[PDB]
Number of protein chains: 4
Amino acid sequence: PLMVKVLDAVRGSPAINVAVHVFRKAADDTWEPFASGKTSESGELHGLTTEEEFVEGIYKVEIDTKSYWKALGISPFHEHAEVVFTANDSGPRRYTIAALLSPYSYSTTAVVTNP
Amino acid sequence: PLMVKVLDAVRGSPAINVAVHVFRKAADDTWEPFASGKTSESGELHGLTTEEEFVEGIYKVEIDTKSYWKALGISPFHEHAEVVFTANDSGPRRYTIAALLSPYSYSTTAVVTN
Amino acid sequence: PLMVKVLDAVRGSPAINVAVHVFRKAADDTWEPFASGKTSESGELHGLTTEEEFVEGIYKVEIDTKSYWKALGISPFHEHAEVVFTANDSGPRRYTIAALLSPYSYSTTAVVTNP
Amino acid sequence: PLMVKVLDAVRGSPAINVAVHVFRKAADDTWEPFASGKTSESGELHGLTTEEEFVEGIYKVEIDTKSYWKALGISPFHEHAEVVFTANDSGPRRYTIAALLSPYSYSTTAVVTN
Ligand SMILES: O=C(Nc1cc(Br)c(O)c(Br)c1)c1ccccc1
Ligand SMILES: O=C(Nc1cc(Br)c(O)c(Br)c1)c1ccccc1
């Protein structure tokens, strides 16, 4: 129920091998690690979680943009891109978090569907 | 009543000395030259027109993004960026057309205020 | 070799039933109609052209954003979103033109791959 | 040396009276409050800090987008927008953090100049 897609606005390509870490806010207000992975050759990261495990909560999707750009030999501006949202509060939904990256800018959008 | 602002998402800077052409749609559906200039050191192009001249109608703002990228030694995707909109007297009176450029992407927004 | 995808930033959804018209610059510098179609329920428009037909040239992809928003009962700013680019000039490539729409703003990106 | 500008892509306007909090990363990796304010009628928040106070380091700019949308009667997706970056004295001296808001999307860019 959660997929992350990342594109590169400089190359006109998927952003491959981007590390993504997902956190969930705990009862004590700290960010607990929830799932992590890397984008594939298509710029997509599938299989982060399951419908059982992806319960209601406040989630943070951290896209490690600095690590991506530095691995390409570029010095970018941001440390990462964070996307923070409440999920599943009216029941289970499927979420796609999409991001488009440039060295000094990024855009993110969500596509939320009811299966 | 019309200002154009252009930013560069690669370098994190204004996009300086970018050519911008404005056209007005004529009765026969052709695009007639209306105003033009180059962005300043702040990425902004002021003074394109006046209230008297900027009547309701369809306008197109063409931003020469290809020359901009090539002067920086970068191969870009688009021939230019285009922004086509209707000026409407029932809305606010000042229009800022902003664009944010990357080699393979651009975004544009309108900020319309009184 | 040419696909168009459109998303809606207000709804967090694919932009369904968006009309798209593609033009190709002719020898006399006019825009000749090349292909057209509508986005599906996924926000994707497939099947615009063929590798035989999609020769080198300067193409314009016009995404009819005003018609989309008006069909939803909203008064938007732009008439359409245009994407103008040279295609296939180093041989055949596959192009995805993606757009993200809001009533007063849009973003577009290209993903260009070599098959 | 730091200004924050917020725009609304739905209404085509500055995003006015949006709360913005700036934090500096402390030695123990916690986020310490640094400066805050609300955007003006132009969507801009000036005067957050001074050159003396704005030393190199990692900063986070948190924009309260959820309250902004709810005050307009619109249900938004994000809890807030975050922008996390390093201030570097080897680059230009003035930073503008700009954000463009939609209910289910946002974009941000840095404009860094001397
Ligand atoms: O989210 C965007 N693109 C995008 C999103 C998804 Br989902 C997708 O499968 C593909 Br192909 C492209 C986008 C972001 C900014 C500007 C234009 C598109
Ligand atoms: O329209 C944008 N930025 C912008 C727009 C204006 Br008018 C301005 O004075 C500054 Br400084 C920045 C924008 C576009 C994409 C992502 C973030 C901001």
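Order of listing sets the numbers, starting from 1, for every ligand and every atom in it. Every chain is numbered from 1 and lettered A, B, ... according to where its sequence line falls, protein lines coming before strand lines. What's counted below: heavy atoms across the whole structure, side chains too, no hydrogens, waters or symmetry copies.
Aromatic ring centroids of B:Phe77 and C:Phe85 lie under 6.0 Å apart. Aromatic ring centroids of C:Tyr59 and C:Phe34 lie under 6.0 Å apart.
Expressed to the nearest 0.5 Å, how far CZ of D:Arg11 lies from CD1 of D:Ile16 amounts to 7.0 Å.
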Find all protein N or O atoms under 3.5 angstrom from an N or O atom of ligand 1 and list the pairs with distances, or write 'none'.
residue  : atom  : partner : partner atom : Å
ligand 1 : 9 (O) : A:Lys5  : NZ           : 2.9
ligand 1 : 9 (O) : C:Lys5  : NZ           : 2.8

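For the residue pair A:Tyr68 and A:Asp8, a side-chain donor N or O sits within less than 3.5 Å of a side-chain acceptor on the partner. A:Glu53 and A:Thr49 form a side-chain donor-acceptor contact under 3.5 Å, judged by distance and modelled atom types alone.
For residues 75-103 of chain C, the side chain to side chain donor-acceptor pair (under 3.5 Å) pairs, not counting sequence neighbours, are B:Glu79-C:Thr86, B:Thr86-C:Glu79, C:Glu62-C:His80, C:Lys66-C:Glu79, C:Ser102-D:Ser102.
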